[PDB]
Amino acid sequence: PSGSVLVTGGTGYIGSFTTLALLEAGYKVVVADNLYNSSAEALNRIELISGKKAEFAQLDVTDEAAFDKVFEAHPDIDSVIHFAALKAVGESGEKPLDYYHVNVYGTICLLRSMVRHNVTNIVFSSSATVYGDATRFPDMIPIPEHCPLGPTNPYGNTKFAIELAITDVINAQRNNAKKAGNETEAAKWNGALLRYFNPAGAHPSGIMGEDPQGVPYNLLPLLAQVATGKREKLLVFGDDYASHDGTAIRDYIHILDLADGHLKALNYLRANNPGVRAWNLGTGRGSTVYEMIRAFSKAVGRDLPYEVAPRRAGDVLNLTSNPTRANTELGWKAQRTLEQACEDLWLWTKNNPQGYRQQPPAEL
């Protein structure tokens, strides 16, 4: 094997494609999830694509004893990728305690169990919401990693709190080893703070994609529901923004390039051993809402109906990425394009309108 990796979440959206890329790289993957917002079927789809399958452990991330059982059964893990969290921004303003309990405390349980079993590498799933609004700063768009952090929602604060925790915990392990004159043990402890932006698309085979629980709230999944008949139309949130057409700007990156960025980051940790460092995982291409509706409509064939609604509270003007650091240091670049994401997203939705609770059509 080319190494072992524990993947919390794993059965989730970004988690599934990440474990897929890991197995195809030759890694041994153990997936940890309580299946709150995903299905275990995603693993079966991985086996059909890669030929390899990951071991599955069903446990709550807030259960510290459960993390111990995993490391005791797999003492060769050495590195963990952390996806397990709650990601609904609006919901975080309704019940932030559940977010602080799952995201923050869940990470605490992980780190404690990590130190206890001597797994020294962690790759955290941070968001771009930690930057908040970047228009209050001159020449801060596109957004670099050295941008001062300041979230505007409880979800962002959880991610921001974890980043501070990851830095402190890991640096302590390194500094305590340096004090004891053990530079060897110090170099082993590393952390990758990957700040995702806006993910989109699915697998080109059309057998794997995003299948969450509850009602979708993101732009593309809602557009997919319009094009499939579940939704009547789309509600554009604000048309008076400082863009050219009037809609907000985001950085939409393909899920395949997003998941591949973990492989680059994990290698950079096992190589240089820089300790803790953050990286933006975007494309650098800013796209308006109107452009996305048009891009996805072109992928489907017909133009999807929409209606203009007032601005959504907490929505920033621009969230374009400055991925120059990730391109040079990690050697990672967004291969797939924005339009290329709409094509295999629509491929996934058209063939699988009911996600994983159905069996895909005759594919190969």
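Note that residue numbering begins at 1 and tracks the sequence as displayed.
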The stretch carrying the higher mean Cα B factor in the deposited entry, 21-29 or 8-16, is 21-29
Higher of the two mean Cα B-factors (180-188, 126-134; per PDB record) comes from 180-188
When the entry's CA B-factors for 285, 262, 195, 174 are compared, the highest one belongs to 174
Looking only at 147, 84, 88, 253, the Cα with the top B-factor belongs to 147
Sorting the chain's modelled residues by C-alpha B-factor and splitting them into thirds places residue 332 in the highest
Sorting the chain's modelled residues by C-alpha B-factor and splitting them into thirds places residue 241 in the middle
Sorting the chain's modelled residues by C-alpha B-factor and splitting them into thirds places residue 349 in the lowest
Residue 272: C-alpha B-factor third of its chain, per the entry, is the highest
Of the three thirds of Cα B-factor ranks in this chain, residue 44 occupies the highest
